[PDB]
Amino acid sequence: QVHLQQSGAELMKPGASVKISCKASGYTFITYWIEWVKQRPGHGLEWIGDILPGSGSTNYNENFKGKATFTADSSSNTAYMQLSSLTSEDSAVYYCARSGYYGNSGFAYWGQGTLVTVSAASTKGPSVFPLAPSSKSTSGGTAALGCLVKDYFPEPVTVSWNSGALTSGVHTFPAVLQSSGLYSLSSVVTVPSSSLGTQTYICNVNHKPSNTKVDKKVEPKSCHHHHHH
Amino acid sequence: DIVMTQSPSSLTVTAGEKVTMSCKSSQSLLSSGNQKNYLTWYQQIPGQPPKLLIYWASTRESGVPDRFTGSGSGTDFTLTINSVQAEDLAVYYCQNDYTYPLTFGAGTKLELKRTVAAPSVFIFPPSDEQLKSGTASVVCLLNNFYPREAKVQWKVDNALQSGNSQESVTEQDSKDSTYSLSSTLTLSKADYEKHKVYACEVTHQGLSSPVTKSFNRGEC
Ligand SMILES: [Ca+2]
């Protein structure tokens with residue numbers, strides 16, 4: 001099957017450069033155009049340009065002339081986009097995509113996207129804290145639990161539950177930029193409150209930009225009013 | 001360059017009903033060379049890359065349900081979705097696939113309308129491990145509500161809080177069309193240990209009267 005695999009999220013300082021890779025598999029690399037698309041919130045999709053690997057033929061959105069440079073190595077089936085003289089306006093998700101089988105038939109296959117952050121701020125791993133299930137997070141036999149992923153830079157972080165086995169009822173919230181200039185988010189999941197004692201719940205947090213992987217076991221807590229017996 | 005204009009900017013539909021959205025090109029996308037209109041439609045669901053839906057204005061990509069229909073010619077194109085499903089929640093983009101530079105419309109955001117659903121409200125005391133580091137985050141979770149409008153207020157010993165909480169909201173769920181919302185109150189370990197009652201007060205339409213979830217410090 002056709003697959004496009006992009007490189008990981010990146011942080012770079014203003015004025016520097018970044019290079020994003022797009023590894024193709026499952027088809028003849030030199031036969032199809034590789035497309036590059038920019039996506040920032042509030043600006044929809046923006047076409048950057050394209051390249052036909054092995055031919056050297058490129059086409060640009062003229063607004064990206066002097067900003068983006070496309071290359072491709074047919075030997076490694078890999079296309080690259082380099083973005084130069086970076087500014088905060090270059091912060092965005094970047095996609096590679098492949099042209100269609102039938103011709104002028106859309107971009108049929110897409111890479112997963114690469115998040116680029118342009119900032120002077122330093123990389124920082126997150127702290128991971130449990131959001132313990134208790135009677136205060138229980139209603140009608142369903143129990144909420146989670147992890148708070150606090151004080152990281154840059155975006156993104158990923159959270160999974162029980163190594164991907166638990167996906168039902170998971171809500172991972174959009175990160176919020178704290179006043180400190182660091183990101184925070186929570187990932188939560190609802191489950192039957194009876195399984196609290198017999199089932200182990202672990203959030204798997206990865207912040208790739210800082211090489212931080214945390215597996216946090218979320219243990220249930222008991223609630224009781226402060227009284228003398 | 002060919003400018004692509006999509007309308008409406010957004011729309012809200014009940015599942016099962018029909019939606020129609022428009023895409024105009026500033027120049028004709030009709031090839032008199034072969035009578036194909038080179039107009040492409042994408043669906044971008046939350047957290048995913050765009051997905052190819054339709055190409056040559058009217059041909060569905062294999063795997064795309066027949067309830068998606070592309071129509072039109074020249075400079076006026078339409079995407080129609082019949083029997084809209086909750087999972088159709090997305091931004092739909094059209095694209096000039098005719099001449100360089102390739103250009104996209106600004107998108108049409110499809111939102112779902114469903115029956116009012118009250119939030120399930122949960123509260124989390126700070127962890128012992130965070131408290132060790134000298135900070136206390138209290139989290140209030142509003143789970144699976146509709147419509148989006150909601151008010152969350154923090155009360156600490158009956159005193160209304162301001163400027164020390166942050167709020168995050170998910171995109172509509174692809175299965176049940178609800179939203180969830182987190183409200184995090186953050187204070188120092190010292191300031192946290194000065195108070196007893198930590199309360200989250202929730203106002204929503206699905207609630208006849210505002211709901212309060214609270215705990216006494218140390219209780220859990
Ligand atoms: Ca790189």
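Counting convention: from 1, in listed order, for ligands and their atoms alike. Note that these values count all heavy atoms, side chains included, but never hydrogens, waters or copies made by symmetry. Convention: sequence-line order gives letters A, B, ...; per-chain numbering from 1.
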Can you tell me how far apart OG (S127(B)) and NZ (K216(A)) are? Round to the nearest 0.5 Å. 8.5 Å
Suppose the criterion is salt bridge (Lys or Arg N to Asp or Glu O under 4.0 Å): which pairs have a residue in residues 92-108 of chain B, not counting sequence neighbours? none
If you apply the rule side chain to side chain donor-acceptor pair (under 3.5 Å), what do you find for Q161(B) with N164(B), and how did you get there? CA-CA 7 Å; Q161(B) 305 300 297; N164(B) 54 1; 3.2 Å; yes
Nearby protein N/O/S atoms (those under 3.0 Å) for the Ca ion (ligand 1), with water ignored: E10(A) OE2, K19(A) O
Would you compute the distance between atom OG1 of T69(B) and atom CG of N82(B) and round it to the nearest 0.5 angstrom? 6.5 Å
If a pair satisfies salt bridge (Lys or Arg N to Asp or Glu O under 4.0 Å) and one of its residues is in residues 52-73 of chain A, list it, with sequence neighbours excluded. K67(A)-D90(A)
Qualifying ring-ring contact (aromatic ring centres under 6.0 Å, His included) pairs with a residue from residues 67-99 of chain B, counting only residues at least two apart or across chains: none
